[PDB]
Amino acid sequence: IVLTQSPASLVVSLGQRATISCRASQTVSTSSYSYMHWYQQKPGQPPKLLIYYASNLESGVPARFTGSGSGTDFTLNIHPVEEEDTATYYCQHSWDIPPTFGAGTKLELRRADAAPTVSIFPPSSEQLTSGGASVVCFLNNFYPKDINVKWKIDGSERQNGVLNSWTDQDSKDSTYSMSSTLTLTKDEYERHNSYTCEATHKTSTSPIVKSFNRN
Amino acid sequence: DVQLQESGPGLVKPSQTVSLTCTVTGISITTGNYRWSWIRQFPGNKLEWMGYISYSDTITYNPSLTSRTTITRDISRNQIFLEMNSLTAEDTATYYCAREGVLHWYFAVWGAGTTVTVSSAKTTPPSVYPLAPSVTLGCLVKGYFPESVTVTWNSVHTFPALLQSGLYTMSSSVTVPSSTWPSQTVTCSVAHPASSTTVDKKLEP
């Protein structure tokens, strides 16, 4: 039995309703009991059981979580959603062997827009000694996740050798952070002087520009 | 409370065998009709149930695994084991032991998980570069393998590791008030247990 979960991701404001569906392949209800279970998983942590047998709340789980459905259609409702609810939610059936899991539904929390805090860092002398040159820009604690980061060397834009990395939504403040790394050889790095990372984000009409000179 | 702690070789070469242990504390694995399952999670977060052993030593497997996995127990050590041979890179995952819910076939108490990487690549310790200019500081951690680094600072973001020609890179930042640093000392301690290495890089102005 395969379980399909929709949607792939959900964006919800604090206090609002989150609705998650799990579609089976066959009935999983014994006319009375339904063999459906729900889990919550936060990054770096094991899944946590929320609901067992379609509708029963596990001890120590808040009543904000409600499970429902029968036959082939099963629903998890989170009402109201709180900031600690940012997680991936899984359904799972215990109808035949093996028990199988849905693919998961990512729940992100909506919050007020926040501008990034931008910092730029030259390569360390220890990295330069070993032959490489990574220039690093951190863009921290922003919302929404959508952001544009461009690198300029000596005033002109650059593209090759840039690598970006995003954190998961922070469970405390619902913001995102990202790292942007410009990788170069020492030779390339030494034969240029100014280095700039420019963040465009919906929170300001003017971009955030951080720079340093190799002197 | 009841705690389950998994352990086992993090890096195993392909073809060979993975052997994991789950030590339970706070309840006996022979008590009161409970069942104990092994569950793995692949990169990309798919979950796969592997099998269970009951309090009375009954074992049932996932039929797609029965040919190459064995689940056993040592009740005198309150331990459960998972053995799996004929390994491919498809077996790289986080492996969990779980106590099943009282009515069975759902998973109520989970262990912290232990990651197994199936690869032929050598173990390589990280190089740690300080990132120095409120004030934001950081450390870049480059060229290590396998994945499993933790950074701690003496307000923190840990960015996920990126693979690049066999070696991982990640970075971590910390923010402190501009009176605090460089007056006080800030140090990023980076641990890489696969190489038994720790790097304590102090941030210098």
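Each answer follows from the model by the rule given with it, or from the source it names; none is laboratory data. Here the Cβ is made from the backbone with ideal geometry for all residues, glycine too, and neighbour counts use every protein chain on show.
Structural remarks
- Residues that are over 18 Å from B:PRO9 (Cβ atoms), part of a loop (DSSP other than H, G, I, E, B), not assigned by CATH to the domain that holds B:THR198 and not hydrophobic (A, V, I, L, M, F, W, C) within the stretch B:98-126 comprise B:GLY101, B:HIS104, B:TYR106, listed in sequence order.
- Qualifying residue in the stretch A:145-161 (condition: within 14 Å of chain B (Cβ to nearest Cβ), hydroxyl-bearing (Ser, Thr, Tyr) and in a strand (DSSP E or B)): no
- Options B:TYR144, B:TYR95, B:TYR129; residue that is part of a strand (DSSP E or B) and not assigned by CATH to the domain that holds B:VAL190: B:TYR95
- Top-ranked residue of the stretch A:89-99 - restricted to ones that are crowded, with 21+ Cβ neighbours inside 10 Å and more than 20 Å from the chain's Cα centre (by Cα), ranked as nearest to B:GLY101 (Cα to Cα): A:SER94
- Yes/no for B:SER171 being within 21 Å of A:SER165 (Cβ to Cβ) and either assigned to a loop (DSSP other than H, G, I, E, B) or of a type outside the set (A, V, I, L, M) (or both): yes
- Residue in the stretch B:49-60 that is closer than 27 Å to A:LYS48 by Cβ and in contact with a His (Cβ under 6 Å, 6 or more places away or on another chain) present: no
- Only residues that are under 17 Å from A:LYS150 (Cα atoms) and either surrounded by 20 or more Cβ atoms within 10 Å (Cβ to Cβ) or among the β-branched types (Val, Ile, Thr) (or both) were counted in the stretch A:161-183, giving 8.
- Screening the stretch A:53-88 for residues that are under 16 Å from A:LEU3 (Cα atoms) and within 9 Å of chain B (Cβ to nearest Cβ) and picking the one that is nearest to the chain's Cα centre (by Cα) gives A:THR88.
- Residues within the stretch B:52-92 that are part of a loop (DSSP other than H, G, I, E, B) and hydrophobic (A, V, I, L, M, F, W, C), tallied: 1
- Condition met for B:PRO146 (away from chain A (no Cβ under 11 Å) and under 17 Å from the mean Cα position of the chain (by Cα)): yes
- Of everything in the stretch A:21-49 that is small (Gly, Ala, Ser) and closer than 17 Å to A:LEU107 by Cβ, the residue that is surrounded by the most Cβ atoms within 10 Å (Cβ to Cβ) is A:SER21.
- Residues of the stretch A:15-50 satisfying the condition of being within 11 Å of chain B (Cβ to nearest Cβ) and touching a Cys at 6+ places or on another chain (Cβ under 9 Å): A:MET36, A:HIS37, A:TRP38, A:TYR39
- Restricting the first member to the stretch A:173-189 and to residues that are more than 10 Å from chain B (Cβ to nearest Cβ), and the second to residues that are outside any strand (DSSP E or B) and not acidic (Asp, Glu), the beta-carbon pairs closer than 6 Å and six or more apart or on different chains are A:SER174/A:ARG111; A:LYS186/A:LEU128; A:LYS186/A:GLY131.
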